[PDB]
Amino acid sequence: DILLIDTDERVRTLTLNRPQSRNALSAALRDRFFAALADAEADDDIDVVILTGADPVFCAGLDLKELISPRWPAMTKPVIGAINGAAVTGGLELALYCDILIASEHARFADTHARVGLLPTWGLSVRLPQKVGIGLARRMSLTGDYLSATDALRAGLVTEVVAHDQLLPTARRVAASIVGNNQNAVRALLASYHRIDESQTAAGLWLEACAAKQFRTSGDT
């Protein structure tokens, strides 16, 4: 019940559904989510994944009341992020994993890693400056403040800002455009994009992971 799995015209929709916890990523939810992603990639009759949250929050990150390794699988099928509300810390990283982002007017983005005293391990310190710019990323990370939907459109984090009631329709519309194209070309091309992006981000992703472990180790002392 914590993850809603929908299939509609070769589009797989994943909805984070723990709204009483701001859709926080518990161990059970993380397990089911990444398994769902792998299930979609293996599924021959699925072409596009849409990622969204149950209103009013997208994902507030990992469950803090409950409590690490990167688990997003290698995919040839596009994941569209439909950000219905606040994407915070761990949830911001989920959004950064996506190929295409689409925001509601009510979407907000924040990185509170430094506030809660933990260092990122899901590529934020690489992908955030990559997709919003260096200056803004450092401002977001160091302050912990919210970025607005309009500011996210101006910075390039999202491709479009739509009225709340048209978030999911807009996402299926883009998804339909992808399903209409040559699938083999689409997947080979996306695979190329991923491969190229991987070549550019790999060194940074390793440096992030080192900084995180060293911070944890230094903390234990």
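So that there is no doubt, residue numbering starts at 1 and follows the sequence shown.
Q: Quick check on the record: how many residues from the deposited sequence are absent from the model between residue 42 and residue 43 (none, 1 to 3, 4 to 9, 10 or more)?
A: The entry has no unmodelled residues between residue 42 and residue 43.
Q: Should the higher mean CA B-factor in the entry be assigned to 31-39 or to 189-197?
A: For C-alpha atoms only, the mean B-factor is higher in 31-39.
Q: Which is higher on mean Cα B factor in this entry, 58-66 or 169-177?
A: Per the deposited B-factors, the answer is 58-66.
Q: Which of these, 110, 136, 116, 126, has its C-alpha atom at the highest B-factor, as the entry lists it?
A: Highest C-alpha B-factor among the listed residues goes to 116.
Q: Comparing residue 121 with the other modelled residues of its chain, is its CA B-factor in the lowest, middle or highest third?
A: Tercile = lowest for this residue's CA B-factor.
Q: Taking only the Cα B-factors deposited for this chain, tell me whether residue 104 sits in the lowest, middle or highest third.
A: Middle third of the chain for residue 104's C-alpha B-factor.
Q: Test of reading the entry: by CA B factor among the chain's modelled residues, which third contains residue 141?
A: For residue 141, whose C-alpha B-factor we compare with every modelled residue in the chain, the answer is the lowest third.
Q: Using only modelled residues of the chain, where does the Cα B factor of residue 96 rank: lowest third, middle third or highest third?
A: For residue 96, the deposited C-alpha B-factor lands in the lowest third.
Q: Taking the C-alpha B-factors as the PDB entry records them, is residue 162 in the lowest, middle or highest third of its chain?
A: Middle third of the chain for residue 162's C-alpha B-factor.
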